[PDB]
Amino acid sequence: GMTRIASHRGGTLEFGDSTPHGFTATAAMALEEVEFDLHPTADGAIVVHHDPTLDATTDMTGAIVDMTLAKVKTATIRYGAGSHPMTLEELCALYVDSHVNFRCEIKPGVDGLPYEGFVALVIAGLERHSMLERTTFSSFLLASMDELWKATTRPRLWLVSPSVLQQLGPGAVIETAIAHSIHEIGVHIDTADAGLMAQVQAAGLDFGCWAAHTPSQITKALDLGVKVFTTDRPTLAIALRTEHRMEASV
């Protein structure tokens, strides 16, 4: 069975967080998906950024949803050689001719609540640039998973945080996914193991991982044979997978 590779935020630890360079470089790599997160601006635009605020990865401060796109566009991304935050449209333009597809994460705002009407905006923006049919959607929020279920027939996956996994426990995580018509979960690589994967697959659910940024984590993901993992080191992940595939044929 194959293990797919998704470039986390365009490959954070190689090119900076959600930068034009990372997304451009990722579009040309022999991997299967690019992962990214989206937030609305005050004036109805869609920008590609991890946090709901600009503080951590740029020179500016503030919540994206309280700002116009023009203000967001004045920010400079740390380690991004002067680049600015991207819009969804600009991201779509990079992938028009690439074989790499989208893994789109729906994030809440600063208050931890889903952005009202945003799933509809995102689906419309993707449709406008003919990328919907190449998109898988992900979220940590079940409210957002429920919205996606009603809004799109595209594949969805529920991101299950270490806290949720530990506190609900795997049985209840699986219960919950089934009750919500979710067919795939993604767990932090450091919380994955053979028993968890087996339990999840025995329930009919697909099983993948995230936060696989080091060689040991990447190799664990490949050894486990998980569906997909996100990584901040896509170049390394590709290399390790190629090597893994060799060793497996021998």
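One rule holds for the numbers: they count along the sequence shown, beginning at 1.
- A summary of the deposited B-factors shows that, of 177-185 and 64-72, the stretch with the larger mean C-alpha value is 64-72.
- Of the two segments, 137-145 and 124-132, the one listed with the higher mean B-factor is 124-132 (C-alpha atoms only).
- Among 86, 157, 160, 106, the highest C-alpha B-factor recorded in the PDB entry belongs to 86.
- Across the residues 203, 28, 48, 209, the deposited record lists the maximum Cα B factor for 28.
- In the PDB entry, a CA B factor belonging to the highest third of its chain's modelled residues is recorded for residue 242.
- Split the chain's modelled residues into thirds by C-alpha temperature factor. Residue 192 is in the lowest one.
- In this PDB entry, the Cα temperature factor of residue 101 sits in the bottom third of its chain's modelled residues, the lowest group.
- Split the chain's modelled residues into thirds by C-alpha temperature factor. Residue 249 is in the highest one.
- The PDB entry assigns residue 53 a C-alpha temperature factor belonging to the middle third of its chain's modelled residues.
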